[PDB]
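Only one chain is given next, in structure tokens, and it is the form deposited in one PDB entry.
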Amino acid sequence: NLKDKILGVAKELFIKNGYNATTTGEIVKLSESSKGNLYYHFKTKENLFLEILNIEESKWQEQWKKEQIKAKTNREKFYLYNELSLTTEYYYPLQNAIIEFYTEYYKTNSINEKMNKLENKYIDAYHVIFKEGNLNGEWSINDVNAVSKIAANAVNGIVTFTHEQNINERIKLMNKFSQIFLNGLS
């Protein structure tokens, strides 16, 4: 495909180098195409990026759907989501580029739109887990939205700032985290 050959290399570079680190010039080189093609489908580099992000938040979200089954209680779904967060190949792998990107476009008021569109998607899994666990008497969360936001970010933190120690260390920490958080809800 066309837009699909591009997107692949982009995601490739965005992760491997960083937002700016990677440029349109580059993309073309290992993607073969007119420096224009990238203009209809995607409005700009902000687009090509935001697109890749959109896909990823979809893929990962879907994977989770095809795996939460293995968790009978939401308490379990919570521990499980955070754990998978460490192994997946989606979204998280370019949280660094996102950080770059947000600090380099945060000044334009077009950020609070898409960078708030992917927001509700990212914190959704926790929404469901907490909301649904409320209906299932697993706990009693009054401020579900707050807690989802907290959870989502704290975890993204554990996932990101430990990207160097061994994977089993990460999983144990992540698990101790999950343990404590839930124990704090009630």
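A residue's number is simply how far along the shown sequence it sits, counting from 1. Only the largest set of C-alpha atoms that superpose within 1.5 Å between the two forms is called the rigid core.
One more form of this protein exists, namely the form solved in complex with a small molecule; it is left out here, but the text below deals with it.
- Residue-level contacts in the bound PDB entry: of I129, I27, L53, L38, one residue has a heavy atom within 4.5 Å of the small molecule, and it is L53.
- None of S33, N134, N156, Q68 but one reaches within 4.5 angstroms of the small molecule in the bound PDB entry through a heavy atom, and that residue is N156.
- With respect to the small molecule in the bound PDB entry, the three residues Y79, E138 and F181 uniformly fall beyond 4.5 angstroms at the level of their nearest heavy atom.
- Put simply, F42 is far from the small molecule in the bound PDB entry: not one heavy atom of it is within 4.5 Å.
- Using a 4.5 angstroms limit between non-hydrogen atoms, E119 touches the small molecule in the bound PDB entry.
- Among residues of the shown chain, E46 is not one whose heavy atoms approach the small molecule to within 4.5 Å in the bound PDB entry.
- Taking the rigid core as fixed, one finds a CA shift for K16 of 2 Å or more between this form and the one not shown.
- The Cα position of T103 differs by 2 Å or more between this form and the one not shown after fitting on the rigid core.
- The Cα shift for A146 between this form and the one not shown, taken after rigid core superposition, is smaller than 2 angstroms.
- Between this form and the other one, the CA-CA gap for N145 and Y91 widens by 3 Å or more, being larger in the bound PDB entry.
- Inter-residue distance, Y91 to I171 (Cα): reduced by at least 3 Å in the bound PDB entry versus the depicted form.
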